[PDB]
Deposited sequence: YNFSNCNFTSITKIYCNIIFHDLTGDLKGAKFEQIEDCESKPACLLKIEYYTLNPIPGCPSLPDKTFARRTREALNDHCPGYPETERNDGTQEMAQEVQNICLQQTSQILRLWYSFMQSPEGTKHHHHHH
């Protein structure tokens, strides 16, 4: 999908006022070295979506967490045409996602 048509202003308000708090809330201060970066709002949203809604080995439940469902709903609402478990892995992925949001916030449209 091409995230270039998303309303970034709306998504930003949702991230700043809800999703950000959900992420920091889940991380409880844990952080990990950052693996990837991104340099535009559309490119960051693409990575965010991919990290957030695709399960990974060690944290199958990730796409079902509240911050993930809210991310899905925010993209759905504001992007036209948008379609066991180890806690340390969950945290690692959650930390990556939060930092991709920071990149989103710092990137141009």
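Chemist: Deposited sequence versus model: which ranges have no CA atoms?
Modeler: According to the deposited record, C-alpha coordinates are absent for 84-95, 122-130, which together make up the missing parts.
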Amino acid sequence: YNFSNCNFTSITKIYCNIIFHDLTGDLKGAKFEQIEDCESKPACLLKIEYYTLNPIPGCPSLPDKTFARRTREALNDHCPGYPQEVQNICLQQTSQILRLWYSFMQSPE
From here on, numbers count along this sequence of modelled residues.
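Chemist: Can you tell me which stretch has the higher mean Cα B-factor, 42-50 or 28-36?
Modeler: In the deposited entry, the stretch with the higher C-alpha B-factor mean is 28-36.
Chemist: Once you work out the mean C-alpha B-factor for both 100-108 and 1-9 from the entry, which is higher?
Modeler: Comparing 1-9 with 100-108, the higher average CA B-factor belongs to 1-9.
Chemist: How does the C-alpha B factor of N88 compare with the rest of the chain: lowest, middle or highest third?
Modeler: Within its chain, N88 is a highest-third residue by C-alpha B-factor, going by the deposited values.
Chemist: Using the temperature factors of the C-alpha atoms in this entry, rank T71 within its chain: lowest, middle or highest third.
Modeler: Ranked within chain, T71 CA B lands in the lowest tercile.
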